[PDB]
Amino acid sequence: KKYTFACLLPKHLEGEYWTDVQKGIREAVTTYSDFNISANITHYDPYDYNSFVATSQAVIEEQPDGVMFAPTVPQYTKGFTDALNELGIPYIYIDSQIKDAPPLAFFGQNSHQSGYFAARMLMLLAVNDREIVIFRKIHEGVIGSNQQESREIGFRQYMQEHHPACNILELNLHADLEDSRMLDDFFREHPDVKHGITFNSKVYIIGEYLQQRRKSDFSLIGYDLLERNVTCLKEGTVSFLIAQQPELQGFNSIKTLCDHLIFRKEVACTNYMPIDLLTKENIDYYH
């Protein structure tokens, strides 16, 4: 019988952030083909905690040899991890982690440090601005991402720490809205804000909006190398993109499971991923 590694990740469309993590998973599968391993990828609605509970219970009943997954908020993840620990099934957290429920290994960015870093870079662009804006993506009241929330916290800590006088504005766009009207009104109400940032992976939304309205007097800092994000980076609507090597996170998760289960090797638990800064001038050599 083949090895089965259950991979539980957020629902998404092809080409979005999670596409790269999955390609890393598949690359790992082929690499370890001599061991006949198999990745069974299922998804959950990151905005609906019950979706995580139902799908994670399915994973549990599939009795995989190992599991890698993006945790949702703590209290809705606890039952899953407790069950896996009780069944002796090792799990790996990716993207974010739950510190009081340690896994075999964690692969993701130090969210707080990532946010702190982002603030430092943003202040470099808006050195003497009186306000900056944080764009978010919410649905059913939640932000749907521990990392997106924890990054903002680190960000805010840096701001309160180095630029307490700079006013921080927030605009919560709707996940499955029209982002355009939201933006039109935002700029009408706040016509002098020159710089903004988002902690989700869809800064292109704001970028394309500016590109279309011929607005070149506003630049964004965003996350991840989604095709559309990079286009906005090259066009100038986005000043910097922060990457976390999603492919490597996916690959290393499977490799770690293999190392632990197959090779029976010891493995490092905490694996903070880098906080890579990309600009139009260095993106082409970034791999």
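When you see a residue number, it is the position in the sequence shown, counting from 1.
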Please figure out whether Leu177 and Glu178 are truly consecutive in the deposited sequence or have unmodelled residues between them, and give none, 1 to 3, 4 to 9, or 10 or more. 1 to 3
Per the entry, where is the mean C-alpha temperature factor higher: 214-222 or 236-244? 214-222
Ranked by mean Cα B-factor in the entry, 149-157 and 189-197, top stretch is 189-197
Quiz for you: based on the deposited Cα B-factor, which of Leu125, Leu104, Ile89, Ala118 is highest? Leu125
Take the CA temperature factors straight from the PDB entry and tell me which of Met182, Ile134, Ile94, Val203 peaks. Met182
Of the three thirds of Cα B-factor ranks in this chain, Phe69 occupies the lowest
Of the three thirds of its chain by CA temperature factor, lowest, middle or highest, which one includes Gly141? highest
Can you work out whether the C-alpha temperature factor of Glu227 puts it in the lowest, middle or highest third of the chain? lowest
Should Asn167 be placed in the lowest, middle or highest third of its chain by the C-alpha B factor in the entry? highest
Here the Cα B-factor of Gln113, set against its chain, lands in the third termed lowest
